[PDB]
Amino acid sequence: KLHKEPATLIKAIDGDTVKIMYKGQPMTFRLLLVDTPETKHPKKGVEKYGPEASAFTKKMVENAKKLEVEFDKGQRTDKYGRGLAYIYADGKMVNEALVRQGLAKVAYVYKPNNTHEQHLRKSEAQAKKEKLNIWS
């Protein structure tokens, strides 16, 4: 079973990336299973709904009393050294909240880091049906 661990916010960096203190060390975390429009994307720069996805994640992790990280069952870091995880703000998964609001798509999935995949796809189908943001 996955297990949540306590973490402390350092800085939100973008819609899909947060800097956090994990087990004493500063680490950059990439949110698992989701792709947000970015403000600092490799090629295009500041895509549409990028500033909005980015403000949403920031508000949510900045206003939390408790932040927790939940690693999946596969690799826990990507090739850039970023932690790969589900992030929770007072019990609410940030990854799902973004998708539920139409501020993210469900990424291309890579087994076995896919535990909450179905859960996320269910929220994504709902945000599309509601025609929210990215889906508007």
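No lab work stands behind these numbers, since they all come straight from the coordinates. Reconstructed Cβ throughout: ideal geometry from the backbone, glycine too, with neighbour counts over all protein chains shown.
Observations
- Cβ-placed point charges (K, R +1; D, E -1), dipole of the chain about Cα centre in debye, nearest 20: 100 debye
- For the chain, the alpha carbon convex hull comes to 104 Å³ per residue, rounded to a whole number.
- Cα→Cβ-extended label distance, 7 Å offset, between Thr77 and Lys65, nm: 3.4 nm
- Virtual paramagnetic centre 7 Å along Cα→Cβ of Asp90, amide N under 20 Å, in the stretch 55-79: 55-70
- Between helix 117-129 and the chain: long-axis angle, C-alpha atoms, 0 to 90°, nearest 10: 30 degrees
- Gap separating the Cα centres of the stretch 95-136 and the stretch 17-47, nearest whole Å: 17 Å
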